[PDB]
Amino acid sequence: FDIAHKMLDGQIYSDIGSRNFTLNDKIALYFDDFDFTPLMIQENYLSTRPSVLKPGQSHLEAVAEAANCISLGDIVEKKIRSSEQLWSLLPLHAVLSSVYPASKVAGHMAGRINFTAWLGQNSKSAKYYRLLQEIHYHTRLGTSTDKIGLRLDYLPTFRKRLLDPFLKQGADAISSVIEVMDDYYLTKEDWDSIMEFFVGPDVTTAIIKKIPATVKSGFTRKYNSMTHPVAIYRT
Amino acid sequence: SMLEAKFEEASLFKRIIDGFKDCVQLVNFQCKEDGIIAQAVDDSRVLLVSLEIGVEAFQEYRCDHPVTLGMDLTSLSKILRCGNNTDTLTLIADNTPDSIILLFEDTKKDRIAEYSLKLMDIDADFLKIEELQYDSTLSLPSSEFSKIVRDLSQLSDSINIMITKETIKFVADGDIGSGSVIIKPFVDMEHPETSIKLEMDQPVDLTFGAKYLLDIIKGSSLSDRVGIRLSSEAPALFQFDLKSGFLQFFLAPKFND
Amino acid sequence: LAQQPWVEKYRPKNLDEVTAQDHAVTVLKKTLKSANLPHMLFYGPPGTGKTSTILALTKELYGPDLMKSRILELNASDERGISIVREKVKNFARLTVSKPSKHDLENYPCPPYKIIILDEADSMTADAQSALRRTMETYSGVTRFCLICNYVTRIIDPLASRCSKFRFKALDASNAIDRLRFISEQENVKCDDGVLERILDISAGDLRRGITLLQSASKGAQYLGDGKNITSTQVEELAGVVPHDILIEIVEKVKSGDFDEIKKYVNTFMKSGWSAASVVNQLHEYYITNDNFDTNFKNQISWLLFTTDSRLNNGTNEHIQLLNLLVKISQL
Amino acid sequence: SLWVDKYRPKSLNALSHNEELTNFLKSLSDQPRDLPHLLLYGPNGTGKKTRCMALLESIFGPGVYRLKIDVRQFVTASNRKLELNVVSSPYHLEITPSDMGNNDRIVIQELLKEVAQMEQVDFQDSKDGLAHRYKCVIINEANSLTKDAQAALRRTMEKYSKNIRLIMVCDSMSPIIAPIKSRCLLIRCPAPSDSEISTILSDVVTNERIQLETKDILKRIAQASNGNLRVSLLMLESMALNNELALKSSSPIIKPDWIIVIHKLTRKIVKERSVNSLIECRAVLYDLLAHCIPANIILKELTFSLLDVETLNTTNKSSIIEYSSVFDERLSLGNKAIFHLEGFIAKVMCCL
Amino acid sequence: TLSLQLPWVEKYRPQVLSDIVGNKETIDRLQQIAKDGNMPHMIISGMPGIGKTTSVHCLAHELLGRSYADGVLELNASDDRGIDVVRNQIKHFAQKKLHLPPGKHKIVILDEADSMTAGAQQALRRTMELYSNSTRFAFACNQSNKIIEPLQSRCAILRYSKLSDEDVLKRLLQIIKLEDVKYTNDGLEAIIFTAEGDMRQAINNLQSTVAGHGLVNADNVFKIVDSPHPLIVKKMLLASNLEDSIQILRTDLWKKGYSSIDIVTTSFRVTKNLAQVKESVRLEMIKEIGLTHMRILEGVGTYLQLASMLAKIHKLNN
Amino acid sequence: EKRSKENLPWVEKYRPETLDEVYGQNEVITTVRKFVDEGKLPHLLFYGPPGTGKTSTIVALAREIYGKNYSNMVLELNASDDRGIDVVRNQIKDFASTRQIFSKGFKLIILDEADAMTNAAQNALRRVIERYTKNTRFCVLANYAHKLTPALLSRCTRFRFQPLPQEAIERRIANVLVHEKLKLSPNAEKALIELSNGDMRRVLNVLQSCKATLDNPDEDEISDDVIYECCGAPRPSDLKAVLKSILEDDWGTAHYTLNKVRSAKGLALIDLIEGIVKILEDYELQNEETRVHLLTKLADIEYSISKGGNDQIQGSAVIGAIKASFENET
DNA sequence: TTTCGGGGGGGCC
DNA sequence: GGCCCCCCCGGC
Ligand SMILES: Nc1ncnc2c1ncn2[C@@H]1O[C@H](COP(=O)(O)OP(=O)(O)OP(O)(O)=S)[C@@H](O)[C@H]1O
Ligand SMILES: Nc1ncnc2c1ncn2[C@@H]1O[C@H](COP(=O)(O)OP(=O)(O)OP(O)(O)=S)[C@@H](O)[C@H]1O
Ligand SMILES: Nc1ncnc2c1ncn2[C@@H]1O[C@H](COP(=O)(O)OP(=O)(O)OP(O)(O)=S)[C@@H](O)[C@H]1O
Ligand SMILES: Nc1nc2c(ncn2[C@@H]2O[C@H](COP(=O)(O)OP(=O)(O)O)[C@@H](O)[C@H]2O)c(=O)[nH]1
Ligand SMILES: [Mg+2]
Ligand SMILES: [Mg+2]
Ligand SMILES: [Mg+2]
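This is the structure in structure tokens:
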């Protein structure tokens, strides 16, 4: 947080400030925490009122230039963490990921400095990708597609076949739904995972909560009262 | 074959190799009509090992022309472990060989195990570093030397040997403290195997690394006595005599400063 | 044999079966008598006969039996880290050469050294390459190294300095027609005049691709059961070359200059599966070799095509790149 | 079972579009003993995997369709344990190494080399008990393989061709390196035409007994799929379910949620151009990426939706397509896709 | 022919604190501490070839007199200094009993303490405190930031400055007087110019001269010594025209044998610290230099790439 | 080795054995000879580009100091041997702190290719070097000076190995020709020196390939043509013709000329680009932007070529870039 | 978070 | 004593 506050300050980037706080000092400030400075800069470079705008330039144009340099720094980072271990490029990354964009949007923070949100989002993405892989390999035998094709095309129709019936015919849907699951070696956990993927106008959280408790209890009882096949043995 | 040398019991060669496998990596054998002489230098160029197995140690030994064999002691030990400790061992080689053949034969049954070890292009000379006139030459049981080395090495990583008139002193100066062991020549007619002999020309004082002495003492399992020859400006000689040959460790003393 | 692809079945068995690499095969043959083979670094584009050349050299040097005891071949499928380089390669290079038999010495030259072939060496890390520098020089009297690569820039400068360089030229209709004609004759493939030349031109330096295309055409002709000569139209169809009608339609749409029409046409075109590289190559051929355009237009289109090809070489989306290139050309 | 999978053809004679490709595959299967390595490339959802399975069924017996899933274990240099789900049949094997990301290389060095370097026991249709045939390995999403993973295939194909034959399937050939493309027979798989899609949908409807007011319905569904047959079948099933197994002239075309989200994002970008708008766009992008929506798909759909706006001029469209090309290249060379997507959106906002 | 002469760097290594040149205030403080005693825990920081190890050794020797061999425990990067070593050997040394003059204590010298791991530094914390009445610690490092904050809190900071030209000239003149070495003023000026405040390099070059050619003059020094290539890179990057920059790059760097990677790294470092150019221009130049550096790392390291980098830099600086 | 030295490659067959056989480094050789002739041997560092004679020089110096048995009196380590922190702390320390086994004298440690060593090992080497300087001397050899730590450089006396001069290369070629019974034309020698770029390894390899190329080396003379076919390099006439066509002909003529020139001998585009760059760097361009555009575009094309791509498109890009850049001349 | 390689420090044996 | 495993940096 302190690094982000200091590096997103317009004073140091002015002629006098640059004379006192030099570029070497900025690179050292980056190196103080080289694993979190780029993420903090990327997170907090859109929430400032700049004081370094060039004559005729707007805030949006400076933001775009900073984003372009952030993308270039991301490419350099990918090169550093590779099969070649090109750590000698760490200083260049310092200029491409943190220093240059801040110098382009340096000013006064317009709000509270926020912690980087990329780590939680990445963890969520990894969890959802693992769930998608589980569903894909639980339904590979009956489907002709990849995981991406399964997510983008198959899952909506599976929702129409699996969740809509419960909302229309009440408990009577259970049997039918079970059949569909049996046709694709699907389990209750897979059912929930599939229901947890949709976004936008097709979010099922509220609808699923609105389902009657008795209907869900009967569905669970029917599922646990039968014998189901297994797609993969000893997962 | 060009070279055929039979060991009655494979344990003999296994023990001889076991005496210096922990201090060198690559060995060079050079077989002649008068036995097998081998040399090995350590990675630090501080210790040299010279073995001179004679022809009297083999059931039969035949060698037409001198033959050189560069080998790695790790692979040799690995293969020798394969053979049992109750079988005859034939070393076989041909003209300018590309491999050395170890043949384990068990006369009890009709089982024959042949192992071919690929040789290495090790080109080096021996230089016969056996400086003519040393300054002091002592001989004492290997057990006492091993005990002294093991006791003193626990104090310091360096051990100093002083040879004075009728006095041999081993000194170690470590962190927790220091330790000195003094032994004077003595003879027992009842049991001469335990006697200590010293022939002295000029006083000697030489320092050595404890690791190298700890490696060297492993040869006590081959001989009941050890001969230590010391001379200033020359490496120290530690000789263990065998049934027909011997094993010599030449250890360079540390610089004084 | 009859159960093997033609590319492997017509792999040069000896150094006399290499078609258009005489500038290096000559010195390689001379080494068979001189017995002073230097460290070699083969580099060139795909399908020029580098692996075949080294394998044939090994055939002619040691023979079928002594080969396995004198050759150490490692490729990208094998782990070649710094530890592997410092242990396995070093140990093999330190060994004495295997003993030749009386037959081997009576028939084959049997040079007094072994060979280590690091195929696809461009996939090795810089540290692993540096680990080989002194190994190559110290044991040059018992071992020789052959580094085979496609991108010579990926080999560190010291290694390239230590190795004698051999460039394998691209194989075209002027220097590889004889081998393709021989393969067709042995396989009894009846083709119209200029079909083999068209195949070699489409291959663009890759004789393996040409042989595969010839095999595909032969299979099609055999399955057709008409006893008719293979034509260039079928060869182009099997090679994924865009028909000239589609190309003239594309250039006409570009000449129109309307963004929406160009976008619609590209959307329809992308549904046929044509590769963007072929489209770019054919557009370059059509534009650069046309007298209807001025010098400035060609100057700009050359750079535009170069940029598009470089971007496509990085595994980018073909639809977006093709649309961008066509729009930019239309605005020239 | 969905209609998309319940009516998939299982033989080369059951294919119903691109008859020229069917004839080419039949010619290839006529003498399969010398079949070279194959690389099938074309648009998504056209039927490439179906054609590969049909070719395998033509080469071997109908038994290629008895698939079983097994788990293979791998160990990295750091001792980390990895698992790969392999689909196998008595005649062929299937792998998707990209599932392990940068570790896919290990597969090409451990699994494939294990299959090709050893013979296989075949106690059916054989007298001695040893297979007298080559093993066919199918690599799916071959365009997703790392460059070193692809390089690991070269000598494997060039050395053990007598025992292993590879049929790779990809959507684009640009990611494939030149040596691999040179080592394979390239097969282009054109997308089905609108008439063929309409015929397939009509057959499906007749089999399922779905009432249709007019056949033009199936035409519109064909146009909305942009040549994707899988999407066409799934959309037909969804519309039939949402219209009580009866499609009328007024039945809307159902689009998936992510497309609607991307269209809303495009509308927002067009309407508002500021840094606050960019912050909300970042939020939407994070939401899209967290739900297994690939970044490249997002970029392509966003670019085309922006270019399909009836308010922008030619200059705006040219700038948008140029930025899309540049940032697609950036994505291909980068790791954090959110950075490149945000940069592209910011540039588009600036140009507009 | 097999006997070696002691280098002047070791033959004239200062043995008393009065012979250390530069950092007059700190040396005076050390001398007064030696005169009185009660040495505190200290950390001496600086850059290579300034006299940190010499200062610590001289202080310890003068403080402990004949008891140097029993009251000084010296450990450097060539010795094992892990957590176990700190927890056993150093602890035992600190707990050791030894008789010393009234105001003297045992000394634990840790040369190049920066390389020490965090665990060992943490373990040293309470050891430096429980036994401060008999043992004191003197760390010597190049980068003070590598020493953890708790350790810095317990010690006195002694940051050394680079030796000025006057001090280097004084010590060099003393050495010349002792060795009776013929010299010229320009030769000494060139030696100082190449030294860059490093006394070790100055003495080494002075020995190489005389040993190589004899009389010390600019000609011989520059015959054996090379002007620091960073200055050449700075001149290349500050040329008014592209022609001059390319001429410098070719004649002075490429034809002299300098590698492309070295040239690009030096250009990056020099551009970082060009206080006479605006920050934005420097950042653009650094972006271009980074592009060229990545290209060179990929394997394409050629004169053409460096020429293109210079052309782009001149494009920016216009 | 195996058999006589005639089975070795020329790069290894002609390796300098003494210090008077090293050419092109007169200053360094004289300085080191004077140092060894008076016992004033400091910690040496040899910084230089590939194939300049650093390893040969240090081995010759070791042979001069010790003799034929130098291999038994020095500790030589390189990138092929592990040189971690443990190695420095045990093996190097033991070697430096111990007397010679075979014969008296000081200890020499040659860390060849030290630029590959890690920072930790170099840092550990500092006090090892500084403490045993009384009886041990360290020699370091490097091609990249940025990998060496500042302290290690401070502790070493630097010697720069320049790219080999023209005169030294000619003298070595004369010796090789005399020993091999070969004849070389003056233009052949000119081409060999030009393509060598100051590396003797390239000279020896190309000369061996030229000898192999000749059908009857006994009385055949090596000409520039032999070099050009052996190396596959473009002829100067070809480069001049291509540049002339690019500069004063239309696009069709330039394309035809480039294609014909390249297909005559199967020349590579990269060599042509290097040749044209060398030719143009001697031109007197009126406008600086012309040179700027030429350099930038040709560097971009070279980088693109380094990763494959389409050869025809790359050649057309070269032609168009040259034409556009020269348009600025006016 | 994170793709090798090197070093340390502990746990089985 | 030796493997075997896990954790942690990497620019100047
Ligand atoms: N000079 C050639 N002469 C005859 N056939 C060739 C020649 N070059 C390539 N081929 C043919 O193409 C096939 C493959 O040749 P390769 O030796 O594998 O080419 P390559 O250059 O080593 O491949 P790369 O660079 O690793 S992609 C051979 O089996 C031959 O059938
Ligand atoms: N102030 C000085 N006065 C006289 N000689 C000096 C001085 N500083 C360094 N030297 C000389 O350079 C040699 C080495 O000095 P050192 O004390 O080793 O430098 P250092 O700063 O401790 O090295 P580092 O920081 O571990 S790289 C000394 O033996 C002296 O001969
Ligand atoms: N000055 C030279 N005089 C004669 N031959 C040389 C000279 N320099 C290099 N060579 C020749 O090139 C071969 C290799 O020389 P090296 O000593 O290995 O060069 P190097 O600079 O040490 O290589 P690097 O920097 O580790 S890539 C020698 O066998 C010589 O035949
Ligand atoms: N009736 C019919 N359906 C096909 C045909 N080819 C593909 N399909 C259908 O289209 C769906 C998608 O095909 P698929 O091979 O998985 O697409 P791809 O792998 O992305 O190329 C499949 O579920 C098939 O049912 C065909 O020739 N005839
Ligand atoms: Mg190959
Ligand atoms: Mg110091
Ligand atoms: Mg060298």
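Protein chains in written order, with the entry's author numbering: chain A, 552 to 786; chain F, 0 to 256; chain D, 22 to 353; chain E, 2 to 353; chain B, 4 to 321; chain C, 6 to 335. Ideal Cβ placement from N, Cα and C applies to all residues, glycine included.
Burial state of residue i, where buried means 16 or more other Cβ atoms lie within 10 Å
i, result
"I139 (chain E)", "buried"
"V186 (chain F)", "exposed"
"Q342 (chain D)", "buried"
"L285 (chain C)", "buried"
"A181 (chain D)", "buried"
Coarse secondary structure for residue i, derived from DSSP in three states
i, result
"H305 (chain D)", "helix"
"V40 (chain F)", "strand"
"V203 (chain F)", "strand"
"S119 (chain D)", "coil"
"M240 (chain E)", "helix"
"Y651 (chain A)", "helix"
"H108 (chain B)", "coil"
Straight-line Cα distance separating residue j from residue i
i, j, result
"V276 (chain E)", "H610 (chain A)", "8 Å"
"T212 (chain B)", "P155 (chain C)", "22 Å"
"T778 (chain A)", "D741 (chain A)", "16 Å"
"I298 (chain E)", "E199 (chain C)", "53 Å"
"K160 (chain E)", "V116 (chain E)", "13 Å"
"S263 (chain B)", "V173 (chain D)", "17 Å"
"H48 (chain C)", "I134 (chain C)", "8 Å"
"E226 (chain C)", "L189 (chain C)", "6 Å"
- [ ] Select from the segment 289 to 311 of chain D all residues with a C-beta closer than 8 Å to any C-beta belonging to chain C, and list them in chain order.
- [x] Cβ contacts with chain C come from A298, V301, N302, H305, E306, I309, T310.
TODO: May I ask you to list, following chain order, the residues of the segment 110 to 122 of chain F that have a beta carbon less than 7 Å from some beta carbon of chain D?
DONE: The segment 110 to 122 of chain F vs chain D, Cβ under 7 Å: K117, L118, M119, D120.
Task: Contact set between the segment 188 to 207 of chain C and chain D, restricted to residues whose Cβ is under 8 Å from the partner - done: Against chain D - using a Cβ distance shorter than 8 Å - the residues of the segment 188 to 207 of chain C are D204, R206, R207.
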